[PDB]
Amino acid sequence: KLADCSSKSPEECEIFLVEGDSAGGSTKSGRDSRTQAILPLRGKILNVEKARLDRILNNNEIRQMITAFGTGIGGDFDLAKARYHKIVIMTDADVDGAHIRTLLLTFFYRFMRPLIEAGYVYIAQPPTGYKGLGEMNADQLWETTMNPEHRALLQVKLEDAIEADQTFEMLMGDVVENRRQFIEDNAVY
C-alpha cells in the first residue's frame, strides 16, 4: 500500500498521509517521488483512546503506519530508526477530514509521542472548496499544498503535557458527558 520515495536519507524525506486512492492518485502524480512518500489509508481510522490494546495492534492501517515509520511503539520506540523526518497529515478539506486528523493525532500521541516532541509531525493545508484531493488536478495540489517552495506546513508542537492528556481523554475518551459539556461551552452558531 505504501508508495515509497527514492532517497533513503530520512533527514530530507517526507511521508504524506491521505484518506484513500481517490486522493492518493492526485497526490502520487503531483509529488516529488525522490523525497515524498505517500501512504493512502481507508477513511476513518480506529480510535485508540476507546479501543483495546490487542485490537489496535491487529488493525491493518495501524500496522502500515508503524511499518512505514519504522520506529516501533510505546516502550520499543526508537527515534534514530525514523524513516522520515516529516510525517505529514493531509486529510481532505472537510469536517470528516478534520475528524480523521484528530484520530491520527490521537494515535501519534498515545503510541509515538516522542515523534511529536521531536517536531516530526506536520499538518498540510489543502485549499477549501474541494470535497477531496481527488477533485484537484495534480499540479494545483503540488503548488498549493506539497511544493516546499510555496506550501504552508503547520508543525505540531506539544506545550503542556498535562493539558494535552486531559484534552485527548476529554474529546476522544469513552466518557460522553465531558465531551457534551465541552461542546455546550464552546459552541457558536
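By rigid core we mean the largest C-alpha set that fits within 1.5 Å across both forms. Counting begins at 1, following the sequence as shown.
**Item:** Greater root mean square CA deviation, 107-115 compared with 90-98 in 9 other deposited structures of this protein, core aligned
**Value:** When 107-115 and 90-98 are compared in 9 other deposited structures of this protein, the bigger C-alpha shift is seen for 90-98.
**Prompt:** Do you reckon 13-21 or 161-169 strays further from the shown form in 9 other deposited structures of this protein, measuring C-alpha RMS after a core fit?
**Reply:** Once the core is superposed, the stretch further away in 9 other deposited structures of this protein is 13-21.
**Message:** Please compare 102-110 with 71-79 and say which has the higher mean C-alpha temperature factor in the record.
**Reply:** 71-79 has the higher mean C-alpha B-factor.
**Request:** May I ask you to compare 138-146 and 58-66 by their mean CA B factor in the entry and name the higher one?
**Result:** Taking the mean C-alpha B-factor of 138-146 and of 58-66, the larger value falls to 58-66.
**Request:** Determine which member of 37, 121, 133, 162 has the highest CA B-factor, using the values in the deposited entry.
**Result:** In this record, 162 carries the highest C-alpha B-factor of the candidates.
**Request:** Determine, from the deposited record, the chain-internal third of the Cα B-factor for residue 51: lowest, middle or highest.
**Result:** According to the entry, residue 51 has a C-alpha B-factor in the chain's highest third.
**Request:** Could you tell me which third, lowest, middle or highest, the C-alpha B-factor of residue 172 occupies within its chain?
**Result:** Lowest third.
**Asked** Can you tell me which third, lowest, middle or highest, the CA B-factor of residue 14 falls into for its chain?
**Response** Within its chain, residue 14 is a middle-third residue by C-alpha B-factor, going by the deposited values.
**Request:** Among all modelled residues of this chain, ranked by Cα B factor, put residue 22 in the bottom, middle or top third, i.e. lowest, middle or highest.
**Result:** Residue 22: CA B-factor falls in the lowest third of its chain.
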